[PDB]
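Working through the structure, step by step
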Amino acid sequence: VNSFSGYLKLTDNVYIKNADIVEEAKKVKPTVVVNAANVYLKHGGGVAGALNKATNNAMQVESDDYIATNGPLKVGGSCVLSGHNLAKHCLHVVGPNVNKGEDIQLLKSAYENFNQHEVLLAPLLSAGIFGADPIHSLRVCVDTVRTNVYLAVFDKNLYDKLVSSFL
Ligand SMILES: O=C(O)C[C@@H](NC(=O)c1ncnc2[nH]ccc12)c1cccc(F)c1
């Protein structure tokens, strides 16, 4: 039994809510919050910019040290860093950015990173400004993630569309 509230159950292990992931993280303080990162961990906009802003830029400072040491992530890859004031850990996951020309088949690989963690608060990878079909992303999520995932969808109209079209 945990502290997530108001989530709609989609499957045995996937739950969904129309919510700002930052506000959910502040309220729940989960073990793992997922960031929709890019390979450079440059947290400018979207989920990443919003999470980083809520950490007072500490996420960016930590991320720059990570990249200076290790180089960039792969599309489809991830790294575990601090969750700062928002969570114990942040799992930075790189879904493909279709607007940048990245391979949509890598979305499944991106979601596979979630399976290394028992419970996650996460956004809908590759949706919105990353340019992929969000209905497809939700289907890949449900068909790939086996651990317990609480999805926070920011856009209200999108949430309603995802629920109403879910198979
Ligand atoms: O509208 C949506 O859900 C899709 C969108 N999500 C957000 O931008 C978002 N989600 C939750 N809390 C948030 N707080 C501030 C922004 C924000 C998105 C776009 C690309 C990759 C993703 F993984 C998710």
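Residues numbered from 1 in each chain as written, not as in the entry; some residues may be left out. Heavy atoms only, no water.

- In its metadata, the entry names X-ray crystallography as the structure determination method and reports 1.0000 Å as the resolution.

- Naming follows the PDB entry, where the protein chain appears as Non-structural protein 3 of Severe acute respiratory syndrome coronavirus 2.

1. What about the packing of helix α1 (residues 21-28) against helix α2 (residues 46-54)?
- Orientation of α1 relative to α2, taken along the N-to-C sense of each, is 40 degrees, at an axis distance of 9 Å. One way to sum up the angle between α1 and α2 is to call them oblique. The handedness of the crossing between α1 and α2 comes out as right-handed. For the pair α1 and α2, contact is made by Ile21, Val22 and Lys26 and by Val47, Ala50, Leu51 and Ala54, respectively.
- For the contact of α1 with α2, a count of residues per class yields six nonpolar, no polar and one charged. (Axes fitted to C-alpha atoms, helices over the stretch in contact; angles between N-to-C directions. Helix = DSSP H or I, 4+ residues; strand = E, 2+ residues; numbered from the N terminus. Parallel < 35°, antiparallel > 145°, perpendicular 65-115°, else oblique. Left-handed = near helix turned anticlockwise from the far one by under 90°. Contact = heavy atoms within 4.5 Å. Nonpolar A, V, L, I, M, F, W, Y, C, P; charged D, E, K, R; others polar.)

2. With respect to the pairing of strand β4 (residues 78-82)
- Pairing between β4 and strand β5 (residues 89-93): five bridges, direction antiparallel. When the bridges of β5 are listed, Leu81 appears paired with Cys90.
- Between β4 and β5, which pair antiparallel and follow one another directly, the connecting turn spans six residues, one of which, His84, has a positive phi of 55 degrees. (Pairing = 2+ DSSP bridges.)

3. Some thoughts on the pattern of salt bridges
- In total, this model carries four salt bridges according to the counting rule given.
- Where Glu23 meets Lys26, a salt bridge forms, and the shortest distance between an N and an O atom there is 3.3 Å. With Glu23 and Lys26 both in helix α1, this residue pair falls three residues apart, about one helical turn.
- On the accessibility criterion, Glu23 (42% relative accessible area) is partly exposed.
- Across the salt bridge formed by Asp143 and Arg139, the nearest N and O atoms sit 3.2 Å from each other. (Salt bridge = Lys/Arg side-chain N within 4 Å of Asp/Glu carboxyl O. Buried < 20%, exposed > 50% of the residue type's maximum accessible area, 1.4 Å probe, protein only.)

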